[PDB]
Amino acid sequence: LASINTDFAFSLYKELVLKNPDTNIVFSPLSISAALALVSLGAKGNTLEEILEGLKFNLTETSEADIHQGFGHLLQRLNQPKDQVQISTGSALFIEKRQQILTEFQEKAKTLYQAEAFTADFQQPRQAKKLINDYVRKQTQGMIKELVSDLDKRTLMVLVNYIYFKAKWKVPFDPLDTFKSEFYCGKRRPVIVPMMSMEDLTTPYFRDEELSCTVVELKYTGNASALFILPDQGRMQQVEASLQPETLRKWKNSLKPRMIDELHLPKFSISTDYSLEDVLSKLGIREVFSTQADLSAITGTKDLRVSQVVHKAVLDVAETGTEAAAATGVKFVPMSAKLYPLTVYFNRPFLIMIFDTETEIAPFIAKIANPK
(Lines of atoms letter the chains of each structure in order from A and count residues from 1; the text may use other names and numbers.)
(Lines give C-alpha, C1' and ligand atoms only; values in the text may rest on other atoms or scores of the structure.)
Protein backbone atom coordinates (compact mmCIF):
# COMPACT_ATOMS: atom_id res chain seq x y z
CA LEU A 1 0.00 0.00 0.00
CA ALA A 2 2.85 2.36 0.89
CA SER A 3 4.58 1.33 -2.33
CA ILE A 4 1.39 1.67 -4.40
CA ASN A 5 0.77 5.13 -2.95
CA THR A 6 4.41 6.16 -3.45
CA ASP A 7 4.22 5.06 -7.07
CA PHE A 8 1.10 7.20 -7.49
CA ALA A 9 2.89 10.09 -5.69
CA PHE A 10 5.83 10.18 -8.11
CA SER A 11 3.60 9.70 -11.15
CA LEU A 12 1.48 12.65 -10.05
CA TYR A 13 4.59 14.71 -9.14
CA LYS A 14 6.01 14.40 -12.66
CA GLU A 15 2.68 15.37 -14.27
CA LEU A 16 2.44 18.39 -11.96
CA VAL A 17 5.98 19.59 -12.74
CA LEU A 18 5.30 19.23 -16.47
CA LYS A 19 2.28 21.51 -15.99
CA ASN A 20 4.04 24.04 -13.71
CA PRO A 21 7.82 24.22 -14.39
CA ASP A 22 10.10 26.05 -11.93
CA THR A 23 7.33 26.49 -9.29
CA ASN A 24 6.72 25.28 -5.74
CA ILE A 25 4.77 22.01 -5.66
CA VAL A 26 2.98 20.71 -2.61
CA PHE A 27 0.41 17.95 -2.61
CA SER A 28 -0.69 14.93 -0.64
CA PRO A 29 -0.62 11.60 -2.52
CA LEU A 30 -2.42 10.14 0.49
CA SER A 31 -5.29 12.61 0.66
CA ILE A 32 -5.71 12.81 -3.12
CA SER A 33 -5.88 9.01 -3.35
CA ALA A 34 -8.41 8.89 -0.50
CA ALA A 35 -10.61 11.48 -2.18
CA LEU A 36 -10.58 9.58 -5.49
CA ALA A 37 -11.28 6.29 -3.67
CA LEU A 38 -14.28 8.05 -2.06
CA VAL A 39 -15.58 8.78 -5.58
CA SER A 40 -14.89 5.15 -6.63
CA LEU A 41 -17.34 4.06 -3.90
CA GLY A 42 -20.10 5.48 -6.12
CA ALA A 43 -18.61 4.26 -9.39
CA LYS A 44 -19.19 1.10 -11.41
CA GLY A 45 -17.77 -0.65 -14.49
CA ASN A 46 -14.93 1.00 -16.37
CA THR A 47 -15.39 4.20 -14.34
CA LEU A 48 -14.59 2.36 -11.10
CA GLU A 49 -11.84 0.18 -12.66
CA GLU A 50 -10.01 3.23 -14.10
CA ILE A 51 -9.96 5.10 -10.77
CA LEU A 52 -8.47 2.18 -8.77
CA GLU A 53 -5.92 1.35 -11.45
CA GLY A 54 -4.96 5.03 -11.91
CA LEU A 55 -4.24 4.97 -8.15
CA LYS A 56 -1.71 2.19 -9.06
CA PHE A 57 -3.65 -0.73 -7.58
CA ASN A 58 -3.66 -4.09 -9.35
CA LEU A 59 -7.23 -5.30 -9.08
CA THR A 60 -6.31 -8.95 -9.80
CA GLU A 61 -4.25 -8.83 -6.58
CA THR A 62 -6.32 -6.40 -4.48
CA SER A 63 -10.02 -6.23 -3.64
CA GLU A 64 -12.03 -3.00 -3.95
CA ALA A 65 -13.19 -3.67 -0.37
CA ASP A 66 -9.59 -3.89 0.90
CA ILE A 67 -8.79 -0.57 -0.80
CA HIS A 68 -11.53 1.25 1.19
CA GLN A 69 -10.57 -0.51 4.45
CA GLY A 70 -6.98 0.47 3.71
CA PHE A 71 -7.45 4.22 3.39
CA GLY A 72 -10.28 3.83 5.93
CA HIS A 73 -8.18 2.59 8.83
CA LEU A 74 -5.35 5.01 7.96
CA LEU A 75 -7.50 8.15 7.89
CA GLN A 76 -9.37 7.18 11.06
CA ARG A 77 -5.93 7.06 12.72
CA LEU A 78 -4.24 10.15 11.28
CA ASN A 79 -6.52 13.12 12.12
CA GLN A 80 -6.43 11.91 15.76
CA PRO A 81 -3.66 13.73 17.71
CA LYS A 82 -0.95 11.27 18.85
CA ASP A 83 2.55 12.07 20.23
CA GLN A 84 2.24 15.69 19.02
CA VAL A 85 1.73 14.85 15.33
CA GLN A 86 -1.60 15.79 13.73
CA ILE A 87 -2.24 15.26 10.04
CA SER A 88 -5.58 16.96 9.34
CA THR A 89 -7.36 15.82 6.20
CA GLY A 90 -10.85 15.72 4.71
CA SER A 91 -12.97 15.21 1.61
CA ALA A 92 -16.48 16.26 0.53
CA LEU A 93 -18.68 16.01 -2.54
CA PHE A 94 -20.98 18.75 -3.71
CA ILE A 95 -23.64 17.57 -6.20
CA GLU A 96 -26.03 19.68 -8.30
CA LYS A 97 -29.53 20.18 -6.81
CA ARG A 98 -31.37 18.32 -9.62
CA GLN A 99 -29.89 15.03 -8.47
CA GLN A 100 -30.66 12.88 -5.44
CA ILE A 101 -27.94 11.25 -3.36
CA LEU A 102 -28.49 7.62 -2.33
CA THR A 103 -28.46 7.03 1.46
CA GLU A 104 -26.55 3.78 0.87
CA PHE A 105 -23.63 5.76 -0.62
CA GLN A 106 -23.75 8.46 2.05
CA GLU A 107 -23.64 5.83 4.83
CA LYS A 108 -20.62 4.17 3.20
CA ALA A 109 -18.97 7.59 2.63
CA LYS A 110 -19.28 8.50 6.33
CA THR A 111 -18.40 4.99 7.56
CA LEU A 112 -15.34 4.35 5.40
CA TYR A 113 -14.02 7.91 4.83
CA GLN A 114 -15.70 10.24 7.38
CA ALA A 115 -16.87 12.15 4.29
CA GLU A 116 -20.24 13.58 3.19
CA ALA A 117 -22.06 14.45 -0.01
CA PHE A 118 -24.01 17.69 -0.08
CA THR A 119 -26.51 19.21 -2.47
CA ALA A 120 -25.39 22.46 -4.05
CA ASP A 121 -27.13 24.90 -6.41
CA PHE A 122 -24.34 25.56 -8.90
CA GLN A 123 -26.61 27.75 -11.11
CA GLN A 124 -26.02 30.40 -8.39
CA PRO A 125 -22.14 30.54 -8.31
CA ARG A 126 -21.59 32.93 -5.34
CA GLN A 127 -24.03 30.93 -3.17
CA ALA A 128 -22.44 27.57 -4.00
CA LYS A 129 -18.93 29.07 -3.59
CA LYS A 130 -19.92 30.27 -0.10
CA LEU A 131 -21.52 26.93 0.91
CA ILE A 132 -18.36 24.95 0.06
CA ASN A 133 -15.96 27.42 1.70
CA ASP A 134 -18.14 27.67 4.82
CA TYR A 135 -18.06 23.90 5.19
CA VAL A 136 -14.27 23.70 4.86
CA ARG A 137 -13.77 26.73 7.13
CA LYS A 138 -15.85 24.93 9.78
CA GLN A 139 -14.19 21.53 9.28
CA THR A 140 -10.63 22.86 9.50
CA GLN A 141 -11.65 25.11 12.44
CA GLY A 142 -10.44 28.17 10.51
CA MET A 143 -7.26 26.63 9.07
CA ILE A 144 -8.59 26.79 5.50
CA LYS A 145 -11.00 29.68 4.97
CA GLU A 146 -11.62 29.96 1.20
CA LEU A 147 -10.95 26.63 -0.59
CA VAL A 148 -12.81 27.47 -3.81
CA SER A 149 -12.84 30.35 -6.34
CA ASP A 150 -15.51 31.05 -9.01
CA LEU A 151 -17.25 27.78 -9.94
CA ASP A 152 -18.77 27.20 -13.35
CA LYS A 153 -22.58 27.38 -13.62
CA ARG A 154 -22.65 23.99 -15.43
CA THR A 155 -20.91 22.16 -12.55
CA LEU A 156 -22.49 18.78 -11.83
CA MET A 157 -20.08 17.67 -9.10
CA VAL A 158 -17.03 19.03 -7.28
CA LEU A 159 -14.80 16.78 -5.20
CA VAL A 160 -13.07 18.83 -2.51
CA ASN A 161 -9.97 17.72 -0.59
CA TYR A 162 -7.57 19.28 1.89
CA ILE A 163 -4.59 18.50 4.13
CA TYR A 164 -2.57 20.40 6.72
CA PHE A 165 -0.48 19.30 9.63
CA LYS A 166 1.08 20.12 12.97
CA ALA A 167 4.22 18.52 14.45
CA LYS A 168 7.37 19.35 16.43
CA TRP A 169 11.01 18.74 15.48
CA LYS A 170 12.91 16.19 17.56
CA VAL A 171 15.71 18.81 17.41
CA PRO A 172 14.21 22.32 17.13
CA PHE A 173 15.92 25.32 15.58
CA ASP A 174 16.73 28.21 17.94
CA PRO A 175 14.83 31.19 16.46
CA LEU A 176 17.72 33.45 17.49
CA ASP A 177 19.77 31.62 14.83
CA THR A 178 17.26 32.49 12.06
CA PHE A 179 18.72 35.07 9.70
CA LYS A 180 18.15 36.54 6.27
CA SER A 181 20.00 34.59 3.58
CA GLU A 182 19.99 34.41 -0.21
CA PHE A 183 18.01 31.63 -1.81
CA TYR A 184 19.35 30.89 -5.28
CA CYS A 185 16.04 30.80 -7.08
CA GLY A 186 17.39 31.62 -10.58
CA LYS A 187 15.40 34.87 -10.73
CA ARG A 188 16.25 38.25 -12.31
CA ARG A 189 16.75 39.75 -8.83
CA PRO A 190 18.37 38.08 -5.75
CA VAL A 191 15.89 36.37 -3.42
CA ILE A 192 16.47 36.89 0.32
CA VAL A 193 14.55 34.64 2.72
CA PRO A 194 14.35 33.69 6.46
CA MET A 195 16.96 30.99 6.94
CA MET A 196 16.96 28.81 10.02
CA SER A 197 20.23 27.26 11.11
CA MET A 198 21.67 24.95 13.71
CA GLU A 199 25.01 23.38 14.56
CA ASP A 200 26.20 19.95 15.55
CA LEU A 201 23.07 18.13 14.48
CA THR A 202 23.17 14.35 14.65
CA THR A 203 20.59 13.12 12.12
CA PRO A 204 20.28 10.44 9.38
CA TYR A 205 22.23 11.46 6.25
CA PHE A 206 23.07 10.01 2.86
CA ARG A 207 25.22 11.43 0.08
CA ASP A 208 23.95 9.91 -3.18
CA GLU A 209 26.85 10.17 -5.62
CA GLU A 210 24.95 8.44 -8.47
CA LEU A 211 22.05 10.89 -8.37
CA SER A 212 24.19 13.87 -7.32
CA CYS A 213 22.12 14.82 -4.30
CA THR A 214 22.30 14.92 -0.51
CA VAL A 215 19.53 13.37 1.59
CA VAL A 216 18.89 14.55 5.17
CA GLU A 217 16.15 13.12 7.39
CA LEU A 218 14.76 15.40 10.11
CA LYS A 219 12.65 13.64 12.69
CA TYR A 220 9.52 15.01 14.31
CA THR A 221 8.79 13.97 17.92
CA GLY A 222 5.86 11.69 17.00
CA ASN A 223 5.54 8.94 14.39
CA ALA A 224 6.64 11.17 11.49
CA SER A 225 9.69 12.35 9.61
CA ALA A 226 10.72 14.79 6.94
CA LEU A 227 13.07 13.71 4.18
CA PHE A 228 14.87 16.61 2.51
CA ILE A 229 16.60 16.01 -0.82
CA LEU A 230 19.09 18.64 -2.07
CA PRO A 231 20.23 18.11 -5.70
CA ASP A 232 23.72 19.34 -6.51
CA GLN A 233 24.02 22.59 -8.39
CA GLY A 234 22.47 21.95 -11.81
CA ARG A 235 21.03 18.51 -11.05
CA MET A 236 17.40 19.14 -10.07
CA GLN A 237 15.86 17.89 -13.33
CA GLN A 238 17.85 14.64 -13.14
CA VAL A 239 16.87 14.07 -9.51
CA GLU A 240 13.20 14.69 -10.43
CA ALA A 241 13.54 12.15 -13.25
CA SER A 242 14.98 9.49 -10.95
CA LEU A 243 12.08 9.61 -8.47
CA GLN A 244 10.59 6.11 -8.29
CA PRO A 245 9.73 3.87 -5.31
CA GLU A 246 13.08 2.04 -5.86
CA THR A 247 15.11 5.29 -5.49
CA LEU A 248 13.22 6.20 -2.35
CA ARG A 249 13.82 2.67 -0.98
CA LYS A 250 17.54 3.07 -1.80
CA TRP A 251 17.70 6.40 0.08
CA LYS A 252 15.85 4.94 3.04
CA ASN A 253 18.13 1.86 3.17
CA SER A 254 21.26 4.02 2.83
CA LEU A 255 20.52 6.65 5.51
CA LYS A 256 22.99 6.64 8.45
CA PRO A 257 23.32 8.95 11.47
CA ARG A 258 25.86 11.67 10.64
CA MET A 259 27.12 14.76 12.49
CA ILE A 260 26.15 17.80 10.45
CA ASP A 261 28.29 20.68 11.69
CA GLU A 262 25.98 23.37 10.26
CA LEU A 263 22.49 23.04 8.74
CA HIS A 264 20.68 25.89 6.99
CA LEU A 265 16.97 25.34 6.19
CA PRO A 266 14.48 27.98 4.94
CA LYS A 267 11.49 28.83 7.11
CA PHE A 268 8.33 28.85 4.95
CA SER A 269 4.60 28.30 4.76
CA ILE A 270 3.49 27.09 1.33
CA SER A 271 -0.08 26.34 0.31
CA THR A 272 -1.18 25.14 -3.11
CA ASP A 273 -4.45 24.90 -5.02
CA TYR A 274 -4.88 22.38 -7.79
CA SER A 275 -7.77 21.60 -10.07
CA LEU A 276 -6.61 18.07 -10.79
CA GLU A 277 -8.71 16.85 -13.78
CA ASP A 278 -5.95 17.34 -16.40
CA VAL A 279 -3.11 15.60 -14.56
CA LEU A 280 -5.43 12.80 -13.38
CA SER A 281 -6.52 12.28 -17.03
CA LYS A 282 -2.82 11.92 -17.89
CA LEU A 283 -2.59 9.19 -15.22
CA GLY A 284 -5.41 7.37 -17.02
CA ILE A 285 -8.37 8.39 -14.85
CA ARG A 286 -10.72 9.60 -17.62
CA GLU A 287 -14.16 8.01 -17.79
CA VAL A 288 -15.19 9.55 -14.42
CA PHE A 289 -14.96 13.03 -16.02
CA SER A 290 -16.69 12.10 -19.29
CA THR A 291 -20.20 11.62 -20.70
CA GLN A 292 -19.54 7.89 -20.19
CA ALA A 293 -19.12 8.21 -16.39
CA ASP A 294 -20.90 5.58 -14.32
CA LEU A 295 -21.59 7.13 -10.91
CA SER A 296 -24.90 5.28 -10.59
CA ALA A 297 -23.99 4.14 -7.07
CA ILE A 298 -24.16 7.83 -6.04
CA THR A 299 -27.41 8.91 -7.77
CA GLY A 300 -29.12 5.82 -9.16
CA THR A 301 -28.87 7.50 -12.60
CA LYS A 302 -26.12 7.92 -15.20
CA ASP A 303 -26.42 11.73 -15.12
CA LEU A 304 -23.50 12.43 -12.80
CA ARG A 305 -19.82 13.00 -13.59
CA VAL A 306 -16.98 14.74 -11.77
CA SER A 307 -16.64 18.31 -13.02
CA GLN A 308 -13.75 19.42 -10.77
CA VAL A 309 -11.35 17.86 -8.30
CA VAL A 310 -10.00 20.53 -5.97
CA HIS A 311 -7.00 19.88 -3.75
CA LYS A 312 -5.43 22.22 -1.18
CA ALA A 313 -2.26 21.25 0.68
CA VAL A 314 -0.57 23.44 3.29
CA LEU A 315 3.00 22.72 4.37
CA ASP A 316 4.73 24.81 7.05
CA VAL A 317 8.39 24.62 8.00
CA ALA A 318 9.60 26.64 10.98
CA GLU A 319 11.76 26.46 14.12
CA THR A 320 9.61 24.38 16.42
CA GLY A 321 8.42 22.03 13.59
CA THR A 322 5.43 23.38 11.67
CA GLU A 323 5.07 26.29 14.13
CA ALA A 324 7.42 29.30 14.37
CA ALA A 325 9.24 29.91 17.69
CA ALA A 326 9.34 33.32 19.41
CA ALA A 327 12.79 35.00 19.58
CA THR A 328 14.15 37.44 22.20
CA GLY A 329 17.48 39.32 22.13
CA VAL A 330 20.72 38.80 20.18
CA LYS A 331 22.81 35.61 20.01
CA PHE A 332 26.62 35.65 19.87
CA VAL A 333 27.75 33.21 17.17
CA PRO A 334 31.41 32.23 17.67
CA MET A 335 33.25 30.78 14.66
CA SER A 336 34.19 27.14 15.34
CA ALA A 337 37.76 25.84 15.23
CA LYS A 338 36.43 22.77 13.36
CA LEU A 339 38.77 21.94 10.49
CA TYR A 340 36.72 20.06 7.86
CA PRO A 341 33.13 20.80 8.87
CA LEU A 342 30.21 19.08 7.17
CA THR A 343 27.71 21.71 6.10
CA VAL A 344 24.33 21.29 4.38
CA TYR A 345 22.67 24.49 3.21
CA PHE A 346 19.25 24.27 1.60
CA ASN A 347 19.62 27.59 -0.27
CA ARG A 348 18.69 26.32 -3.72
CA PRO A 349 15.73 24.30 -4.96
CA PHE A 350 15.12 21.08 -2.97
CA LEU A 351 12.43 18.44 -2.45
CA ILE A 352 10.65 17.36 0.71
CA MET A 353 8.70 14.25 1.57
CA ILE A 354 6.85 13.84 4.88
CA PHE A 355 6.35 10.28 6.11
CA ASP A 356 4.09 8.50 8.55
CA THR A 357 6.69 6.23 10.11
CA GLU A 358 4.24 3.49 11.07
CA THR A 359 3.31 2.80 7.41
CA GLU A 360 5.81 4.80 5.28
CA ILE A 361 2.95 6.45 3.38
CA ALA A 362 3.78 10.06 2.51
CA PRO A 363 1.18 12.64 3.57
CA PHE A 364 3.16 15.37 1.68
CA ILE A 365 5.51 15.63 -1.27
CA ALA A 366 6.90 19.09 -2.15
CA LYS A 367 9.39 20.91 -4.28
CA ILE A 368 10.62 24.14 -2.81
CA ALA A 369 11.71 26.17 -5.87
CA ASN A 370 11.35 29.50 -4.05
CA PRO A 371 10.33 29.75 -0.36
CA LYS A 372 9.91 33.56 -0.37
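So that there is no doubt, residue numbering starts at 1 and follows the sequence shown.
Undergrad: Averaging only over Cα atoms, indicate whether 322 to 330 or 299 to 307 has the higher B-factor in the PDB entry.
TA: 322 to 330 has the higher mean C-alpha B-factor.
Undergrad: Can you tell me whether 210 to 218 has a higher mean C-alpha B factor than 139 to 147 in this record, or the other way round?
TA: According to the PDB entry, the answer is 139 to 147.
Undergrad: Please pick out which of 237, 161, 247, 106 has the largest Cα B-factor as recorded in the entry.
TA: Of the options given, 106 has the highest CA B-factor in the PDB entry.
Undergrad: Between 186, 231, 266, 257, where does the Cα B-factor run highest in the record?
TA: If I rank 186, 231, 266, 257 by C-alpha B-factor, first place goes to 186.
Undergrad: Against its chain's modelled residues, does residue 279's Cα B factor rank lowest, middle or highest third?
TA: It belongs to the middle third of the chain when residues are ordered by C-alpha B-factor.
Undergrad: Is the Cα B-factor recorded for residue 124 in the lowest, middle or highest third of its chain?
TA: It belongs to the highest third of the chain when residues are ordered by C-alpha B-factor.
Undergrad: What third of the chain, by the recorded C-alpha B-factor, contains residue 336?
TA: As the PDB entry reports it, the C-alpha B-factor of residue 336 lands in the highest third of its chain.
Undergrad: Using the B-factor values recorded in the entry, state whether the Cα atom of residue 54 falls in the lowest, middle or highest third among the modelled residues of its chain.
TA: Residue 54: CA B-factor falls in the lowest third of its chain.
Undergrad: Based on the deposited C-alpha B factors for this chain, I'd like to know if residue 168 is in the lowest, middle or highest third.
TA: For residue 168, whose C-alpha B-factor we compare with every modelled residue in the chain, the answer is the lowest third.
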